[PDB]
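Undergrad: Chains as they are written, first to last, in PDB author numbering: chain C, 211 to 261; chain H, 3 to 34, 50 to 210; chain B, 3 to 293; chain J, 165 to 361; chain D, 14 to 23, 43 to 53. Cβ atoms here follow ideal geometry from the backbone N, Cα and C, with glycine treated the same way. Quick one: the structure is below, questions incoming.
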Amino acid sequence: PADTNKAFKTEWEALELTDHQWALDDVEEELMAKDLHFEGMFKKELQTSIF
Amino acid sequence: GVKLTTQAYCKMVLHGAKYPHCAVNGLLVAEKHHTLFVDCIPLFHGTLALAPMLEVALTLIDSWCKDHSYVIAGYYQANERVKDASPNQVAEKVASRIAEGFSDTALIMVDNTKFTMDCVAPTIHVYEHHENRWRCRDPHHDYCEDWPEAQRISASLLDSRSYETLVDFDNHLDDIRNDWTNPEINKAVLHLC
Amino acid sequence: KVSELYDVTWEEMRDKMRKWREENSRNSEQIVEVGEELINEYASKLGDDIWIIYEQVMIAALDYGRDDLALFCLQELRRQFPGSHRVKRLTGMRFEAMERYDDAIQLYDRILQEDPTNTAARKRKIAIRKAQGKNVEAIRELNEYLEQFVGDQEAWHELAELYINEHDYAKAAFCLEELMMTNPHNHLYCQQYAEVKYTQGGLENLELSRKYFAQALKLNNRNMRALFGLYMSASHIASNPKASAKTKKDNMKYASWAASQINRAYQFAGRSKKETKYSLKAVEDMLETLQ
Amino acid sequence: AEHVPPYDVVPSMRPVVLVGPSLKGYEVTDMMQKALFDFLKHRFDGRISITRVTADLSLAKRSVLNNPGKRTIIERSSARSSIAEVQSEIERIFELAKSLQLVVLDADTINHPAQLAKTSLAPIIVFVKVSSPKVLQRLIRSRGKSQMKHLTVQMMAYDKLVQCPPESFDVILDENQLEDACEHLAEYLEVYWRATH
Amino acid sequence: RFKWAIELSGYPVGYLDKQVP
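The following block contains the structure:
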């Protein structure tokens with residue numbers, strides 16, 4: 211950076227106007243809409259050894 | 003004494019040897050010397066001080082044992098440090114929880130110093146519940162049904178690199194198709210006598 | 003191992019070693035088995051790829067209690083690169099693997115004196131502190147290092163694990179929040195944070211645990227731990243005698259949906275492989291824990 | 165102590181079982197033993213019997229005495245073992261031997277002599293082996309594209325069977341030509357048949 | 014929920049506790 215104090219002041223001013231907006235308020239309702247995607251998960255076979 | 007059988011000892015040794023760098027724990031069941054154990058179910062490895070998965074595993078194993086007329090009677094743990102063999106808070110809590118449903122439950126601690134390849138000793142410390150604490154009931158006893166056969170079978174299984182097929186409850190949670198009863202180990206110990 | 007229980011070319015072995023290097027697997031036995039053969043029988047084939055294999059095989063051999071191969075690899079690496087700093091770190095690790103801590107400490111102090119902005123020496127000193135059981139000193143030194151060098155995720159995760167081992171869950175939750183903030187697309191951190199919040203306290207902690215279990219299950223639909231935790235937390239909150247009716251019915255609905263999904267998942271699992279031992283058992287678990 | 169009588173209850177004559185060179189049920193071993201079975205059936209037809217057993221027979225002394233320690237884990241050992249069928253198959257072997265006709269056993273479970281030693285059957289062990297592990301690996305690769313996933317277990321079984329002491333086996337069939345091994349087994353079969361007749 | 018239930022009970045840069053609505 212050019213000046214540490216200038217960057218500190220810039221970040222202080224930029225951060226002061228930010229407010230929290232939680233993104234998990236209605237996660238449950240979104241989950242409940244449809245069944246889970248259990249398709250294409252039990253294909254192939256359990257690995258036995260290396261290679 | 004508690005007189006552990008051969009299958010429980012062999013499965014305990016295999017589970018302890020599968021993850022040398024981690025701390026492992028499981029469960030001991032007995033049929034409904051003093052109290053003869055039948056076999057053991059390995060529960061977890063890694064970080065053990067977390068409640069929910071332990072509770073789920075305890076509930077599932079208790080229901081399965083109730084279906085086949087068993088009872089949870091012992092809890093075995095092995096620490097990470099090679100010079101540490103004393104119980105911690107988690108083991109005491111779990112053993113106290115188990116003790117309320119079955120008397121004279123056992124707290125088994127695996128000793129890392131005597132964890133030799135074939136055998137030097139039973140490398141097991143047995144703790145009994147006295148009043149509100151636990152005491153090391155170790156009169157240099159023989160907590161095995163038959164020490165020579167058990168040690169021979171354990172040594173053969175360890176030499177055969179058969180711990181790569183042992184599966185605990187964590188591997189069952191990672192992929193449902195795994196089995197925590199370990200039929201392969203039972204077949205191997207039945208054939209190899 | 004080629005023509006020995008397997009039929010693979012040297013390129014396949016190199017790719018397997020690289021893949022084992024990308025994800026931090028610690029299966030020392032297989033790594034040593036492949037690496038010693040790769041070093042011996044295909045040294046000239048690898049133009050410049052043998053040094054990282056040397057380091058990996060040396061570390062694995064140290065983990066496997068086999069020091070001759072470690073000494074051989076260390077000698078080769080020291081001969082190739084004279085005066086390097088990674089080789090000094092490997093030498094210090096070899097020293098401390100034989101319970102000789104004073105020499106490793108003086109070596110790391112010398113390294114730090116030569117270069118003050120080095121990171122690995124401080125981590126190795128913290129590891130030396132941890133190896134002796136001195137937990138509080140290790141925690142303090144790790145806190146100081148994180149104060150100096152922020153933004154290192156391995157140190158944050160290690161500190162979270164150390165705090166978990168000491169039954170101090172608020173600071174572990176704080177560290178897991180710090181980790182989750184940088185990587186919002188990783189479901190494992192959300193799952194572990196939900197587990198910590200479940201283990202920490204009471205009602206609101208359970209609510210946060212349920213929320214983050216739901217978030218983790220939304221990120222990945224294959225996470226069975228998240229589904230089990232969601233069901234358990236919903237059932238626990240529903241039966242709490244200090245909750246309103248609305249929350250009680252919401253948690254009952256959540257638990258019912260979680261149980262249905264668990265049953266469908268176990269039926270799916272039983273369809274492919276025929277064991278029929280848990281599909282008959284998980285139903286009993288769901289029934290006996292109802293309401 | 166042992167108090168073992170000399171008159172141990174055994175079939176009229178020792179049954180013959182074929183083991184090796186790998187796990188039974190896999191393609192190479194199945195074909196190798198099928199060829200010998202066809203040769204034995206066709207050449208010595210008339211006084212030779214072939215018997216197939218599906219259930220495990222490795223449990224005949226321990227865990228069969230109603231032992232509390234080991235009779236518990238018999239239903240969840242990944243095998244059709246309810247003791248009763250094992251006893252029925254043992255009685256079947258005894259009654260087939262009582263006919264005084266030479267019989268062989270196609271034990272799909274037996275893949276090692278040491279797991280059929282403490283039993284009271286005391287059978288005849290026929291060992292057919294490949295000279296080199298490399299030859300076996302090349303045969304497995306040439307057989308098809310399906311056994312590639314099961315190559316490691318076959319190699320493990322082969323090398324485990326190699327370490328078995330020769331004294332455990334009764335006869336050895338390590339001749340590359342099919343005719344040589346067939347005649348080598350047939351001579352011993354005829355010698356044994358004449359011994360009891 | 015019932016029976017099996019275990020209770021475990023017992043300054044990284046920023047660490048505060050209270051209010052701030």
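Of the choices H:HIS17, H:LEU77, H:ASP79, whose alpha-carbon is the least far from that of H:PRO59?
TA: H:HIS17
Undergrad: Evaluate contact between the stretch 78–88 of chain H and the stretch 333–343 of chain J, counting only Cβ atoms and requiring at least three cross-stretch pairs below 8 Å.
TA: no
Undergrad: Does the count of Cβ pairs from the stretch 194–214 of chain J and the stretch 266–273 of chain J closer than 8 Å reach three?
TA: yes
Undergrad: Among B:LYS244, B:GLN58, B:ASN145, which one has its Cα closest to the Cα of D:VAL45?
TA: B:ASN145
Undergrad: Ends of the beta strand (DSSP E) at D:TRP17?
TA: From DSSP, D:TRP17 is part of no beta strand (DSSP E); its letter is neither H nor E.
Undergrad: Verify whether the separation of the beta carbon atoms of B:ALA261 and B:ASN253 is less than 8 Å.
TA: One thing to note: B:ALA261 has its Cβ no nearer than 8 Å to the Cβ of B:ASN253.
Undergrad: Quick one, which of H:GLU162, H:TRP197, H:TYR144 has its alpha-carbon nearest H:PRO156's?
TA: Just measuring C-alpha positions, the residue of H:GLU162, H:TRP197, H:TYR144 sitting nearest H:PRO156 is H:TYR144.
Undergrad: What are the residues in the stretch 179–202 of chain H lying within 7 Å of chain B by C-beta distance?
TA: The residues in question are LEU190, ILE193, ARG194, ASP196.
Undergrad: How do the stretch 313–322 of chain J and the stretch 182–199 of chain J stand: do at least 3 beta-carbon pairs fall below 8 Å, yes or no?
TA: Taking 8 Å as the limit for Cβ pairs, the verdict is that the stretch 182–199 of chain J does touch the stretch 313–322 of chain J.
Undergrad: Who pairs with J:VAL192 in a beta bridge, going by DSSP?
TA: Beta-bridge pairing links J:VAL192 to no other residue.
Undergrad: Can you find at least 3 beta carbon pairs, one from the stretch 200–214 of chain B and one from the stretch 66–85 of chain H, that sit closer than 8 Å?
TA: yes
Undergrad: For H:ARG169, tell me which candidate among H:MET126, H:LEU30, H:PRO139 has the shortest Cα-Cα distance.
TA: H:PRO139
Undergrad: Pop quiz: B:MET234 and H:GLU72 are said to be a contact at Cβ under 8 Å. What is the actual Cβ separation, rounded to whole angstroms?
TA: 7 Å
Undergrad: For J:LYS293, which residues in the same chain have their Cβ closer than 7 Å to its Cβ, ignoring the five residues on either side in sequence?
TA: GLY184, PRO185, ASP338
Undergrad: Who are the Cβ neighbours of H:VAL137 in its own chain at under 7 Å, not counting the five residues just before and after it?
TA: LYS131
Undergrad: Going along the chain, which residues of its own chain have a beta-carbon closer than 6 Å to the beta-carbon of J:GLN311, five neighbours each way excluded?
TA: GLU191, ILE304
Undergrad: Within 10 angstroms of its Cβ, does J:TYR171 collect 16 or more other Cβ (buried), or is it exposed?
TA: exposed
Undergrad: Do you know whose CA, among B:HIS169, B:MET15, B:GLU98, B:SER281, lies nearest B:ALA267's CA?
TA: B:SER281
Undergrad: By how many angstroms is the C-alpha of H:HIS189 removed from the C-alpha of B:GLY272?
TA: 13 Å
Undergrad: Is the Cβ of D:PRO44 closer than 8 Å to any Cβ of chain B?
TA: Chain B contact via Cβ: present.
Undergrad: So D:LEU21 contacts chain B; which residues on that side make the cut at Cβ distance below 7 Å?
TA: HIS169, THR201
Undergrad: Drop a sphere of 10 angstroms on the beta-carbon of H:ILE202, count the other beta-carbons inside from all chains shown, and report buried for 16 or more, exposed for fewer.
TA: The residue in question, H:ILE202, is buried, as its Cβ has 16 or more Cβ neighbours within 10 Å.
Undergrad: Taking the alpha-carbon positions, what's the H:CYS24 to H:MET14 distance?
TA: If you draw a straight line from the Cα of H:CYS24 to the Cα of H:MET14, it is about 14 Å long.
Undergrad: Give the straight-line distance between the Cα atoms of D:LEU48 and B:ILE166, rounded to the nearest whole angstrom.
TA: 20 Å
Undergrad: Which class does B:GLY37 belong to by DSSP, given the choice of helix, strand or coil?
TA: helix
Undergrad: Tell me, to the nearest whole angstrom, how far the beta carbon of H:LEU174 is from that of H:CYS57; I am working on the premise that it is less than 8 Å.
TA: The C-beta distance from H:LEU174 to H:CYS57 rounds to 14 Å, too long to fall under 8 Å, and the pair is not in contact.
Undergrad: Apart from the five residues just before and just after J:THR283, which ones in its own chain have a Cβ nearer than 6 Å to its Cβ?
TA: The residues are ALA224.
Undergrad: Could you tell me which of J:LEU204, J:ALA165, J:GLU255, J:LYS324 sits nearest to J:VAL181, measuring between CA atoms?
TA: J:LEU204
Undergrad: Check the DSSP bridge columns for B:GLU116 and list the partner residues they point to.
TA: Its beta-bridge partners do not exist; DSSP assigns none.
Undergrad: Could you tell me whether the Cβ of C:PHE261 comes closer than 8 Å to any Cβ of chain B?
TA: yes
Undergrad: If you run the structure through DSSP and keep just helix, strand and coil, what is H:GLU33?
TA: strand
Undergrad: Please classify J:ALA248 as buried or exposed, where buried requires at least 16 neighbouring CB atoms within 10 angstroms.
TA: exposed
Undergrad: To the nearest angstrom, how far is the alpha carbon of J:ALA359 from that of J:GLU351?
TA: 12 Å
Undergrad: Along chain J, in chain order, which residues have C-beta atoms closer than 8 Å to that of B:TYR8?
TA: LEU315, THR316
Undergrad: Kindly say whether C:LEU246, judged by its beta-carbon, lies nearer than 8 Å to any beta-carbon of chain H.
TA: Not an interface residue.
Undergrad: Could you check whether the Cβ of C:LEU241 sits closer than 8 Å to any Cβ belonging to chain H?
TA: Chain H places no beta carbon closer than 8 Å to that of C:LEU241, leaving this residue out of the contacts.
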